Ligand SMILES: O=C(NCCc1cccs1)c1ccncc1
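Encoded as structure tokens, the following chain is the form deposited without this ligand, with no partner shown.
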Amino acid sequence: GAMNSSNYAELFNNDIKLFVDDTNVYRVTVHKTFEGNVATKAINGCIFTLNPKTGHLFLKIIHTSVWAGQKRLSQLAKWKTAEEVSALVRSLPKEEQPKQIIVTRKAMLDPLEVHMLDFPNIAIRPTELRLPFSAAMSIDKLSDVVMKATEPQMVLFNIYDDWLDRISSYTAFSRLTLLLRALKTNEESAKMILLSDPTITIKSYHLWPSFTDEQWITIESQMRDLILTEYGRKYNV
């Protein structure tokens, strides 16, 4: 059933599983028209499909062309997500197919179940975790590939860079969710924390800076401080 705080270690066992987050699939700007009505303009989106054990990210870019002449776009976006996750599963060799797919939003359960009827042994699960994967588009290299896309594209990343050389999957996922939660809460302040020291760069083949083990401890502390600072500003506490 539901993935929660109780069954958290399950994310890092040897059963292949993917998180699917659909938050950034259908993205719009809202604007006034000449006549003073309101219209939307879609921008490119993405499906965030992540293996929390290995860090493998299957970023399916959703080009604005897929919405052209379609109605009920917020509904269609869930079904398009499920269609693309199903296509990704069918594309993987049998031994790479997930045994579980965890959706971050309960509205994805029916669309994904119906697209995966051909895979009755792949469990489709919701989660009680509040995961910050909406903030993926705060990672400059992910935002850049999404915005530059001129057609539907799949781009593969390792969202943990080389961290698993030094830390466990549990710790890498904890670091990732902390960084994304900070970027979600105060993007400008989070990015300043990450880029503040010019001597620490992002490798061409990485998403995040090349921090030493001691620098990651400082960065993680600064991210926790940002989140607490913002909670105090929000609630006047």
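Start at 1 and count along the sequence shown; that's the residue number.
There is also a form solved in complex with this ligand; it is not shown, and the following applies to it.
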{"item": "Ligand-site obstruction classification: this ligand, superposed in the bound PDB entry, backbone or C-beta within 2.4 Å", "value": "open"}
{"item": "4.5 Å heavy atom contact, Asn158 and this ligand in the bound PDB entry", "value": "yes"}
{"item": "This ligand contact in the bound PDB entry: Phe34, any heavy atom under 4.5 Å", "value": "no"}
{"item": "Residues from 55-81 in contact with this ligand (non-hydrogen atom within 4.5 Å) in the bound PDB entry", "value": "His56, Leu57, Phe58"}
